[PDB]
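Enquirer: with the input below, show me the fold.
(one chain, ligands or ions: 1)
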Amino acid sequence: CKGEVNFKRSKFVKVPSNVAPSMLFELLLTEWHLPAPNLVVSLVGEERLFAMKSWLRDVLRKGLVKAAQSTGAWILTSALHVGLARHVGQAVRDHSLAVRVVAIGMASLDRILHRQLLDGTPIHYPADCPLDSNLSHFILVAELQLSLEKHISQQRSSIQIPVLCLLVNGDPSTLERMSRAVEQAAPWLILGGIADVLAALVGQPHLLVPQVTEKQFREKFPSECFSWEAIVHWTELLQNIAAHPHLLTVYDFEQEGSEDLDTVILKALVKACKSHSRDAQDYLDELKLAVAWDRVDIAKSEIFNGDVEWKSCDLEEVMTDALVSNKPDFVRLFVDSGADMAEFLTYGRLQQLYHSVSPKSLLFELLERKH
Ligand SMILES: [Ca+2]
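Expert: Residues are numbered from 1 along each chain as shown. Sure, the structure comes next:
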């Protein structure tokens, strides 16, 4: 079901559970006419008591600023998540006001207030719970999000589209869902909340945590004391999760020696794709993203370390992209990677390059007037 909220209208798509993810994908793209996804970053952690220090908030702000600058992506921030997420919605709205990034409010309907008012045309839902009015879209209804992620990581010049999850100041309730994410072939990045526990407990000489989990749950958020059976279940859960480390990665941005947000993103992405397979056609999308960030160090060190083998045949599209974007370092790297200009350059390709002249340029006006 399609609906609009004249609040500047926000879209509502009825989300019946166990629906086809491809159906929702097609509905979103068609009805919303939004650009193709170059990246899909989904949030998994949000809490009202969750507070962000100035450093982590700034590196989150600078990161989203750089993301909206060149690449643009989709931030699957669940609506009706009142807390720190509303500030994120206001911030992304202000930064987009200042290629573009989009945010989707994939959220249920039970926790929303005035749900009967919107169920049965500006639906006024003024509640002092209601959803954050900073977002301009929503999907009205964890398994749905996981299946949507598994679907997006399967949609496919044969290019893929990356998908990543970013958790921030999570609660011990997402852990179960998090386990499914380990089986969903999706990379995960950890920094605030239970994230500190998951980080300090991911690398240990002892695989199982029969007693350290209790000490962690006691030292961290000691307001709620859970049952011992729950702690044993969650210890087994964390064991089964950390059984697969090559998809999970943690980094500390407060150490003052941290690399930029965009860097670790691509680092974890290539780390995941390396364990996924070694197909040259695989790393393409992420590689394109690297060009979008002008990141050459990680391009040469990680991608072109000699592990994967490159053939002159596949580099054509990415080389053209690097050329039109005016980034000579990557051109040098590619031509040193075996790509030969002698056979790549054709008169049709050369005309294409001329067809790629920017309209506001002077050469464009000169050629147009001459024509
Ligand atoms: Ca890939």
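Enquirer: please make it C-alpha for all contacts and neighbour counts, starting now.
Expert: Noted.
Enquirer: can you give me the neighbour number for residue 138?
Expert: 24 (other Cα atoms under 10 Å).
Enquirer: separation between it and residue 109?
Expert: With the distance defined as Cα to Cα, to the nearest Å, residue 138 ends up 11 Å from residue 109.
Enquirer: for the ion, what are the nearby residues on the stretch 151-300 of the chain?
Expert: Proximity of the stretch 151-300 of the chain to the ion is confined to 282-283 under the rule Cα under 5 Å from the ion.
Enquirer: residue 89 contacts residue 134, doesn't it?
Expert: Yes - counting by Cα atoms under 8 Å, residue 89 touches residue 134, with 5.2 Å between them.
Enquirer: in contact with residue 339, which residues?
Expert: Counting by Cα atoms under 8 Å, 6 or more residues apart in numbering, residue 339 makes contact with 311-312, 315.
Enquirer: how about the contacts made by the most centrally placed residue in the chain?
Expert: The chain has residue 41 as the residue nearest its centroid, 1.5 Å off, counting by Cα atoms, centre = their mean. By Cα under 8 Å, 6+ apart, the contact set of residue 41 is 73-76, 163-166.
Enquirer: go through those residues and name the one nearest the ion.
Expert: residue 163 (9.1 Å; Cα to the ion).
Enquirer: could you count how many residues lie near the residue nearest to the closest one when sequence neighbours are not counted?
Expert: Excluding its sequence neighbours, the residue lying closest to residue 163 (Cα to Cα, 6 or more residues apart in numbering) is residue 40, at 4.7 Å. Using other Cα under 10 Å, residue 40 has 21 neighbouring residues.
Enquirer: partner residues bridging residue 40?
Expert: Counting by DSSP bridges, residue 40 is bridged to residue 74, residue 163.
Enquirer: what does residue 9 show for phi and psi?
Expert: Residue 9 adopts backbone torsions of phi -80, psi 140, taken as degrees, to the nearest 10.
Enquirer: partner residues bridging it?
Expert: residue 6.
Enquirer: can you get me a residue count around it?
Expert: Look at residue 9: counted by other Cα under 10 Å, it has 13 neighbours.
Enquirer: how about the helices in the stretch 251-371 of the chain?
Expert: Using DSSP state H, counting those that start in this stretch, the helices found in the stretch 251-371 of the chain span residues 261-276, 284-293, 297-298, 316-324, 328-336, 341-344, 347-355, 362-370.
Enquirer: to clarify, my last question referred to the stretch 101-250 of the chain.
Expert: Counting by DSSP H, counting those that start in this stretch, the stretch 101-250 of the chain has helices at residues 115-119, 143-152, 175-183, 195-200, 212-219, 228-242.
Enquirer: report all helices and strands that the fifth one contacts.
Expert: Spelled out, that is helix 212-219. If you count contacts as 3 or more Cα pairs under 8 Å, 6 or more residues apart in numbering; DSSP states H and E, helix 212-219 packs onto helix 228-242.
Enquirer: just the angle for the helix it packs on relative to helix 212-219, thanks.
Expert: Counting by axes from the mean of the first three to the mean of the last three Cα atoms, to 10 degrees, helix 228-242 points 110 degrees away from the direction of helix 212-219.
Enquirer: helices and strands around helix 228-242, which ones?
Expert: Using 3+ Cα pairs under 8 Å, 6+ apart, the elements in contact with helix 228-242 are helix 175-183, helix 212-219.
Enquirer: please identify the most buried of those.
Expert: helix 175-183 (a mean of 17; mean count of other Cα atoms under 10 Å).
Enquirer: who's in contact with that one?
Expert: 142, 146, 234, 237-238, 240-241, 244, 247.
Enquirer: in TSV: those residues, plus neighbour count.
Expert: Formatted as TSV, the contacts of helix 175-183 follow (neighbours: other Cα atoms under 10 Å):
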residue	neighbour count
142	15
146	17
234	19
237	17
238	22
240	14
241	20
244	11
247	21
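Enquirer: looking at those, spot the one nearest the ion.
Expert: Ranked by distance to the ion (Cα to the ion), the contacts of helix 175-183 are led by residue 247 at 13.7 Å.
Enquirer: residue contacts, that closest one?
Expert: Shown in contact with residue 247 (Cα under 8 Å, 6+ apart): 182, 185-188, 268, 271-272.
Enquirer: can you tell me how far residue 80 is from residue 15?
Expert: As for residue 80, its distance to residue 15 is 15 Å (criterion: Cα to Cα).
Enquirer: what residues sit buried inside stretch 101-116?
Expert: 101-109, 112-115 (16 or more other Cα atoms under 10 Å).
Enquirer: how about stretch 254-268?
Expert: By 16+ other Cα under 10 Å, the buried positions in stretch 254-268 come out as 261-268.
Enquirer: give me the distance between the closest residue to residue 358 other than its chain neighbours and residue 170.
Expert: Of all residues beyond its chain neighbours, the one nearest residue 358 is residue 364 (6.7 Å), with distances taken as Cα to Cα, 6+ apart. As judged by Cα to Cα, residue 364 and residue 170 stand 52 Å apart.
Enquirer: neighbour-wise, which of these two wins?
Expert: Legend: neighbour count by other Cα under 10 Å for residue 364 and residue 170, higher for residue 170 (19 against 16).
Enquirer: tell me who's in contact with the residue nearest to the more buried one when sequence neighbours are not counted.
Expert: The shortest distance from residue 170 to any non-neighbouring residue, by Cα to Cα, 6+ apart, is to residue 45 (4.1 Å). By Cα under 8 Å, 6+ apart, residue 45 lies in contact with 166-171, 174.
Enquirer: and stretch 192-212, end to end?
Expert: Counting by Cα to Cα, you get 20 Å between the two ends of stretch 192-212.
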